[PDB]
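Residues per chain are reported as follows:
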Amino acid sequence: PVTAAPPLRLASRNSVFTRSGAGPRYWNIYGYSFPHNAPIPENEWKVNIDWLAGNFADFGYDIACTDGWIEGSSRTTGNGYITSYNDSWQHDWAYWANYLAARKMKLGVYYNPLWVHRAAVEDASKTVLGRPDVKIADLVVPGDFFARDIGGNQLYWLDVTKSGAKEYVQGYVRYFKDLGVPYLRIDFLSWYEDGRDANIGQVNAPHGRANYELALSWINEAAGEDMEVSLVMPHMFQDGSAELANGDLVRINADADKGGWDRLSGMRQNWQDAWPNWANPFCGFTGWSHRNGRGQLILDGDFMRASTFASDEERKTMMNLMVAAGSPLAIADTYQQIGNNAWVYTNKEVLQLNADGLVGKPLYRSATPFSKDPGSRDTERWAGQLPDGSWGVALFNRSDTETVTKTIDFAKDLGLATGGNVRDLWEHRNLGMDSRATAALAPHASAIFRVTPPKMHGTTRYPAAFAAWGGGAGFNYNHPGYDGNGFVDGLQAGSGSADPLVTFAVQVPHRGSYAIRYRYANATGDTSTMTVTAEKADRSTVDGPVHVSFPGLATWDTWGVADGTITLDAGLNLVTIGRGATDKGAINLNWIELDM
Ligand SMILES: OC[C@H]1O[C@H](OC[C@H]2O[C@@H](O)[C@H](O)[C@@H](O)[C@@H]2O)[C@H](O)[C@@H](O)[C@@H]1O
Ligand SMILES: OC[C@H]1O[C@H](OC[C@H]2O[C@@H](O)[C@H](O)[C@@H](O)[C@@H]2O)[C@H](O)[C@@H](O)[C@@H]1O
């Protein structure tokens, strides 16, 4: 029988955004501003919005998002917050957020709330929201300009040790949130933190890790559950600990830039310790995939520039990758650039993967961090499970010259007992019941499938090696007997202040008590326990926390199945199993099953 338990110690922001599914669908001005190297004129912003309203908003791309080139946004409120995107604009943020509302859309904003504009500093009448004693001028160290060393002289970096700083930062984050912004894209924090860039040299004065982590905590608290926090230049120190604790999205690649295959799949394949750890998103998504999933981070592959690619097969591959990784789907094509490529973004079955909350992982091959061993995960084969137990499976051929067969076996790789019905989502074709998904792919081509296991008597298996991992839980395959490619270890007592855990998203037809099974190993020499909960996306408890018991077994190569019962509500539940301070021993976890 199960006993009551205290809650697990978390190390992630664990917001409704990361719990509820994949990244958002949006449009960004980068397609105009990057090639023009200039801020988007207000009229071009308007024409793009109107085009989105008529052509893509109906496919869920209902955020229009500003980007950089913000040095020329100098007008501020009485408390130093920018009133518009650029000083050339006739209308303020409120006007645009409502013009967007009139078209069933929302405003996305690119800004860093640690920027303090020079013009605000130079107007001594401006003061910190709620702190009339602190002039905006009192928030900065003279000379401490963003990008100082490369000519920057319009934006200061905030000195977070100055009185009024917290109120300034938090007021800036709520300023946008209150305006109706569901998405804040925060860039340049690595330049803030250590004043350097591996692709340039010194850029400005360093501010240090402690200040960086404090600033993030302020942003997190200020954004709350209402506004999604995208971190665009994360240094990802300590396996991304500060970013995981305080953000929803992290960029995992160098900028889209001129786009095309080389940005998507080239440049360099190796890891480096500096922003960006990996240059291309195939490597970046694969490399940071251990940090993805419900309640952890959403990985951000940046912007899709469809007409920068060389073929329609490349365009499909671009989209398939973002979808497979659970990334935001961010269109950067303007109304002038889209040409005949709208179809890339609006395949309903492919979009349905993102809607249902697909967050795939590359096929794990070993426990070694991908940063140390590129053989440890397969950048070209991806799979993830939807809450209802169906799957998204994606296969890629990154060869420039050879046609290559890729396969995911449902028993050997995914760890299922049942096979599944397979639908090719670009062919829009049912392939029937099968034991694998496979494609002979031309160079740069891909395939993506919905795989739907049959459910004899409702039984649904969720393999742990494709679930979400936190607090030191991770993949291994170093004791035989597991179903699939491996299992989850690190569910043991540890140094850190976070508890190791695995989270599964599960979808059930009705409220009730459900039979749950746990395939595990435990050769600690004694019974082990784990804390199990069910929760709503908003974190509300549906069941537990309770200690579940796992009988000791002869060896680590021995597997067994513990039985339990769990109360789940209709629809989406997050079932999280982990090792708290009060739990005993350790387990390795292969899968859970629910009879629904
Ligand atoms: O005004 C800020 C900044 O805008 C432009 O850069 C925007 C890009 O910055 C990268 O760091 C980021 O990864 C990309 O997603 C952004 O689009 C501009 O080029 C730069 O000079 C400005 O300072
Ligand atoms: O604690 C459960 C754990 O037990 C066994 O591993 C013991 C330790 O092995 C070390 O090499 C490793 O670095 C430590 O983290 C382990 O605690 C077992 O082999 C492993 O599979 C189990 O998870």
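Definitions and limits used
Residues numbered from 1 in each chain as written, not as in the entry; some residues may be left out. Chains lettered and ligands numbered in written order. Heavy atoms only, no water. Residues with missing side-chain atoms left out of burial classes, pairs and counts. Near = heavy atom within 4 Å. Polar contact = N/O pair within 3.5 Å; in protein donor to acceptor, adjacent residues only side chain to side chain. Areas by Shrake-Rupley, 256 points an atom, 1.4 Å probe, with all protein chains shown as cover. Nonpolar A, V, L, I, M, F, W, Y, C, P; charged D, E, K, R; others polar. Pairing = 2+ DSSP bridges. Helix = DSSP H or I, 4+ residues; strand = E, 2+ residues; numbered from the N terminus. UniProt positions renumbered as here; feature names shortened; annotations may be inferred. Buried < 20%, exposed > 50% of the residue type's maximum accessible area, 1.4 Å probe, protein only. Axes fitted to C-alpha atoms, helices over the stretch in contact; angles between N-to-C directions. Parallel < 35°, antiparallel > 145°, perpendicular 65-115°, else oblique. Left-handed = near helix turned anticlockwise from the far one by under 90°. Contact = heavy atoms within 4.5 Å. Core = buried A, V, L, I, M, F, W, Y, C linked by side-chain atoms within 4.5 Å. Domains from an automatic or database assignment. Buried area = accessible area lost by both parts, 1.4 Å probe. Salt bridge = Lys/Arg side-chain N within 4 Å of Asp/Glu carboxyl O. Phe/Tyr/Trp six-rings, centres within 6.5 Å; stacked < 30°, edge-to-face > 60°. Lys NZ or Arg CZ within 6 Å of the ring centre and 35° of its normal.

What the deposited record gives as its method is X-ray crystallography, and the resolution it gives is 2.00 Å.

Here we come to the site of ligand 1. Contacts to ligand 1 come from 15 residues, most closely from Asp67, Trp69, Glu71, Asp187 and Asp255. Between ligand 1 and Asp187 there is a distance of 2.8 Å, counted from an oxygen atom to a side-chain nitrogen or oxygen. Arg251 is positioned such that a nitrogen or oxygen atom in its side chain is 3.1 Å from an oxygen atom of ligand 1. Across the complex, the protein chains shield 81% of the 510 Å² of accessible surface that ligand 1 would expose by itself. The residue inventory of the shell around ligand 1, partitioned by class, reads 8 nonpolar, 1 polar and 6 charged.

Bringing the sheet that holds strand β25 (residues 468-470) into the picture now. One open sheet accounts for 6 strands, arranged β1-β31-β30-β33-β28-β25; its pairing is antiparallel. The sheet is open, and its two edges are formed by β1 (3-4) and β25, each paired on a single side. Note that strand β30 (residues 528-535) and strand β31 (residues 541-550) share 7 bridges and pair antiparallel. For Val532, the partnering residue across the bridge sits in β31 and is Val546.

This next bit is on the site of ligand 2. All residues adjacent to ligand 2 are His479, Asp489, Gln492, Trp556, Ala586 and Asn588. Separating an oxygen atom of ligand 2 from a side-chain N or O atom of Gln492 is a distance of 2.6 Å. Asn588 has a polar side-chain atom sitting 2.7 Å from an oxygen atom of ligand 2. Within the complex, the protein chains bury 47% of what would otherwise be the 480 Å² of accessible surface of ligand 2. Residue classes in the shell around ligand 2 are distributed as 2 nonpolar, 3 polar and 1 charged.

Right, let's get into the UniProt feature "domain: CBM6" (unreviewed entry) in the protein chain. Per the UniProt record, "domain: CBM6" (unreviewed entry) is annotated on residues 460-595. End-to-end, the C-alpha atoms of residues 460-595 are 6 Å apart, and along that stretch the chain is 0% helix and 57% strand.

The next point concerns unusual backbone geometry. For the peptide bond that leads from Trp275 to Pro276, omega is -15 degrees, which places it in the cis range. For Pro276, the location among the structural elements is in the loop between α10 (260-265) and α11 (281-288). Cis geometry is found at the peptide bond from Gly544 to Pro545, where omega equals 0 degrees. Along the polypeptide, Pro545 turns up in strand β31. Even without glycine at this site, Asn37 takes up a positive phi of about 45 degrees. For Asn37, a relative accessible area of 59% translates into the label exposed.

Our next topic: the packing of helix α12 (residues 312-325) against helix α13 (residues 348-355). Angle between the axes and distance between the axes are the two parameters that describe a pair of packed helices. Interaxial distance between α12 and α13 falls to 9 Å at its minimum, and their mutual angle equals 25 degrees. By the criterion of interaxial angle, the relationship of α12 to α13 is roughly parallel. The two elements α12 and α13 meet at a crossing, and its hand is left-handed. Within the contact between the two elements, α12 uses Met319, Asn320 and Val323 and α13 uses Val350, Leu351 and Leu353. Across the contact of α12 with α13, the residue classes break down as 5 nonpolar, 1 polar and no charged.

Turning to the nonpolar core, a few remarks are in order. Residues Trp45, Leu114, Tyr168, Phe176, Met319 and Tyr345 are the most contacted members of the largest nonpolar core, which totals 111 residues. One finds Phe475, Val506, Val548 and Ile592 within the second-largest nonpolar core, a separate group that totals 34 residues.

This next bit is on the domain arrangement of the protein chain. When the domains of the protein chain are assigned, the result is domain 1 (364-457) and domain 2 (459-595). With centres defined by C-alpha atoms, the gap from domain 1 to domain 2 works out at 24 Å. Residue-level contacts link 21 residues of domain 1 with 18 residues of domain 2. Here domain 1 meets domain 2 over a buried area of about 1,600 Å², counting both sides, of which 56% is carbon and sulfur. When the buried surface of domain 1 facing domain 2 is broken down by residue, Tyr364, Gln385 and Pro387 rank first, second and third, together holding 34% of it. One can count 0 salt bridges joining domain 1 with domain 2.

In this section: the sheet that holds strand β21 (residues 429-434). With antiparallel pairing, the 6 strands of this open sheet are ordered in space as β16-β17-β18-β23-β20-β21. The two strands at the open ends of the sheet, each matched to only one other strand, are β16 (361-364) and β21. The mean angle between the axes of side-by-side strands here comes to 30 degrees, regardless of whether they run parallel or antiparallel. Lying on the sheet, α11 is in contact with β16, β17 (377-385) and β18 (391-396); it crosses β17 at an angle near 60 degrees.

On strand β22 (residues 436-441), burial follows the alternation: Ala437, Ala439 and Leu441 on one face are buried, whereas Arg436, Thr438 and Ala440 on the facing-out side are not. Pairing between strand β19 (residues 404-409) and β22: 6 bridges, direction antiparallel. Residue pairing across strands places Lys406 opposite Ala439, the latter belonging to β22.

What follows deals with the packing of aromatic side chains. All told, the structure shown has 52 aromatic pairs when counted by the stated rule. Taking the centre distance of 6.2 Å and the plane angle of 70 degrees together, the rings of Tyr61 and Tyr345 count as edge-to-face. Taken together, the residues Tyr61 in the loop between α3 (42-55) and β3 (63-65) and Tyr345 in the loop between β15 (329-331) and α13 connect sequence positions 284 residues apart. A relative accessible area of 0% places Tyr61 in the buried class. For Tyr345, a relative accessible area of 0% corresponds to the buried category. When the ring of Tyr110 is compared with that of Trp115, the centres are 6.4 Å apart and the planes differ by 40 degrees; the resulting orientation is tilted. Accessibility assignment for this pair places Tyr110 and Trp115 in one class, buried. For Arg103, the ring lying beneath its charged end belongs to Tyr99, and the centroid distance is 3.6 Å. Across from the ring centre of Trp469, 4.5 Å away, lies the NZ or CZ of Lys361, which sits over that ring.

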